Amino acid sequence: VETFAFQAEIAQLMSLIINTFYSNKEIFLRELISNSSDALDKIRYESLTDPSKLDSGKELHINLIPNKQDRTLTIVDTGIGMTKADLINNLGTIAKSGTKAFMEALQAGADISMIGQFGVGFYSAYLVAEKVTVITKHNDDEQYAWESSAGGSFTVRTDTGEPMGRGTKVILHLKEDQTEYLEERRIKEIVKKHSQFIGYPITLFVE
Ligand SMILES: N#Cc1ccc(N2CCN(CCCCc3c[nH]c4cc(O)c(C#N)cc34)CC2)cc1
């Protein structure tokens, strides 16, 4: 297991998301589903020129899987997946400018629900999760687990869990007072409200 420090500005953003009083937390799900959709768009586009990229799985879709026993909500997709370099370097570097702009916008009167307009919607996960685990598999690479409970650091390791084929699984370890997002009717409500026209099947598992 390798442990890394967040860039200072990203650590600052995560603390802001964790510490700021803001009741409209449900928007986290839209941001994560949007990121899944983008990843599915990507593998779909690449396969138009290289069909063999779907050898790792042809079905393009999103599963939402609540687990009250583990207190997790998992978002699973069969998109393009992420490389080790994505998890350690690339996505963090890209996030620097959007993080800066978002925090400046909040100072000028924007609210947290606008976070996706700055390309850093992922971090809204920490509105509801004490820990986020991301398992991912890209065609050109091994299966990895990225994880962070904030506090300035994250880890990356090779994942030895069930093989995924291709795609990304975001496991939200929910805060004790955010278990409403494990309820079928609540998740259904949020998907209909904010993610109504996503161009891939979204299957909400029940327990
Ligand atoms: N400094 C720094 C720094 C160093 C690393 C990170 N992480 C780099 C990995 N990220 C993993 C989540 C990426 C965002 C995401 C949410 N739902 C998805 C669904 C998907 O299908 C794909 C794909 N493909 C992507 C996502 C976390 C942040 C941050 C900051």
Side-chain angles (χ1 to χ4, degrees), residues 1-18 27-47 53 56-57 59-65 72-100 102-103 115-116 118-129 131-159 164-173 194-195 198-202:
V1 180
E2 295 186 304
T3 300
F4 304 88
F6 283 113
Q7 296 297 313
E9 305 104 329
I10 296 181
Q12 186 183 355
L13 172 60
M14 295 175 76
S15 293
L16 183 161
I17 291 172
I18 293 172
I27 59 94
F28 79 90
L29 188 59
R30 172 190 68 202
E31 300 303 328
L32 297 177
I33 290 178
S34 182
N35 284 3
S36 289
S37 180
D38 289 349
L40 289 159
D41 283 351
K42 288 185 175 63
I43 187 62
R44 184 179 59 186
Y45 172 79
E46 292 194 3
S47 65
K53 288 186 176 181
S56 50
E59 187 184 359
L60 305 181
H61 69 131
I62 299 172
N63 294 153
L64 308 177
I65 307 178
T72 56
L73 176 63
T74 300
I75 302 85
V76 182
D77 68 64
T78 51
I80 187 166
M82 288 168 288
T83 63
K84 187 176 179 182
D86 281 335
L87 297 176
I88 297 174
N89 290 312
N90 296 338
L91 298 179
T93 294
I94 295 180
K96 295 184 58 61
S97 60
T99 296
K100 180 172 182 295
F102 178 47
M103 285 191 295
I115 184 170
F118 302 87
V120 294
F122 164 73
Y123 298 94
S124 69
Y126 289 91
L127 293 171
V128 300
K131 182 167 72 181
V132 179
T133 309
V134 181
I135 311 299
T136 190
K137 176 69 176 68
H138 182 111
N139 282 337
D140 297 335
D141 212 337
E142 302 178 43
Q143 188 162 303
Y144 299 102
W146 178 101
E147 189 170 66
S148 182
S149 297
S153 69
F154 63 93
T155 62
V156 179
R157 68 196 76 187
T158 297
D159 184 61
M164 294 179 45
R166 184 199 65 248
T168 299
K169 172 166 47 183
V170 177
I171 304 170
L172 303 175
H173 298 90
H194 291 121
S195 301
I198 295 291
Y200 299 95
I202 298 172

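All heavy atoms count here, side chains included; hydrogens, waters and symmetry mates do not. The first residue in the sequence is number 1, and the count goes up from there. Both counts, for ligands and for their atoms, begin at 1 and track the order of listing.
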Short N or O contacts of ligand 1 with protein, under 3.5 Å, listed by atom name?
unit_1	atom_1	unit_2	atom_2	d
ligand 1	1 (N)	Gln7	N	3.0
ligand 1	7 (N)	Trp146	NE1	3.3
ligand 1	21 (O)	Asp77	OD1	3.2
ligand 1	21 (O)	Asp77	OD2	2.6

message: Quiz question: by atom type and distance under 3.5 Å, do the side chains of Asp77 and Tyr200 form a donor-acceptor pair?
response: no

- prompt: Is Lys96 salt-bridged to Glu9, cutoff N-O under 4.0 Å?
  reply: yes

message: Can you see whether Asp141 engages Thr83 through a side-chain donor-acceptor pair at a distance of less than 3.5 angstrom?
response: no

Close side-chain approach of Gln12 and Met103, heavy atoms under 4.5 Å: yes

message: So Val132 and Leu172, do their side chains get closer than 4.5 Å, heavy atoms only?
response: yes

Pairwise distance CZ(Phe122) to CZ(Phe28) - rounded to 0.5 angstrom: 12.5 Å

